[PDB]
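In: Pasting the sequence and an experimental structure:
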There are 2 protein chains.
Amino acid sequence: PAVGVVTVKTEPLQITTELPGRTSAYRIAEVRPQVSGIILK
Amino acid sequence: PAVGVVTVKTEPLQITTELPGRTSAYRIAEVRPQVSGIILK
């Protein structure tokens, strides 16, 4: 009986959440006419 | 034992994005009355 052995200790682990998501500008503005009428150009 | 083969001949490639693009009118501008009231003619 001789086996490869790895004695266990405390190992700091920074592995953490890998979770979902969607992305957005910021920077996610719009252009809304504040003056009404016909678009000339 | 002979074998069919083909030597290389890369270098000339043209790739493109082909797909059913969505066409649209150049300028539509539906006519939305600047005024209220009945439609005469």
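Out: Perfect, I can see it now. Residues are numbered from 1 along each chain as shown, chains lettered A, B, ... in the order given.
In: Chain B contacts on chain A?
Out: Neighbours of chain B within chain A, by C-beta under 8 Å from any C-beta of the partner chain: A:37, A:38, A:39. Using the backbone N, CA and C atoms, a C-beta is placed for each residue, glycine as well.
In: Closest to residue A:8 out of these?
Out: residue A:39 (70.9 Å; C-beta to C-beta).
In: What helix or strand is the closest one located in?
Out: For residue A:39, there is no host helix or strand (DSSP states H and E).
In: picking that back up, of the residues of chain A next to chain B, which qualify as buried by neighbour count?
Out: For these, a neighbour count by 16 or more other C-beta atoms under 10 Å in any protein chain shown gives an empty buried set.
In: For those residues, could you give me TSV that also reports distance to residue A:27?
Out: Converted to TSV, these look like this (distance: C-beta to C-beta, whole Å):
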residue	distance to residue A:27
A:37	29
A:38	30
A:39	25
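In: for those residues, which one is nearest residue A:20?
Out: For these, the nearest to residue A:20 is residue A:39 (39.5 Å; C-beta to C-beta).
In: now that closest one, nearest residue through space, not along the chain?
Out: Nearest non-adjacent residue to residue A:39, counting by C-beta to C-beta, 6 or more residues apart in numbering or on different chains: residue B:29, 7.1 Å away.
In: gap between that neighbour and residue A:31?
Out: Distance, residue B:29 to residue A:31, by C-beta to C-beta, to the nearest Å: 17 Å.
In: Of these two, which one has the most company?
Out: Between residue B:29 and residue A:31, counted using other C-beta atoms under 10 Å in any protein chain shown, the more crowded position is residue B:29 (8 against 5).
In: In what element of secondary structure is the more buried one found?
Out: Take DSSP H and E as the rule and residue B:29 turns out to sit in neither a helix nor a strand.
In: Ramachandran coordinates for it?
Out: Here is the backbone geometry of residue B:29 (degrees, to the nearest 10): phi 60, psi 70.
In: And the strands in chain A?
Out: Ranges of strands in chain A, per DSSP state E: none exist.
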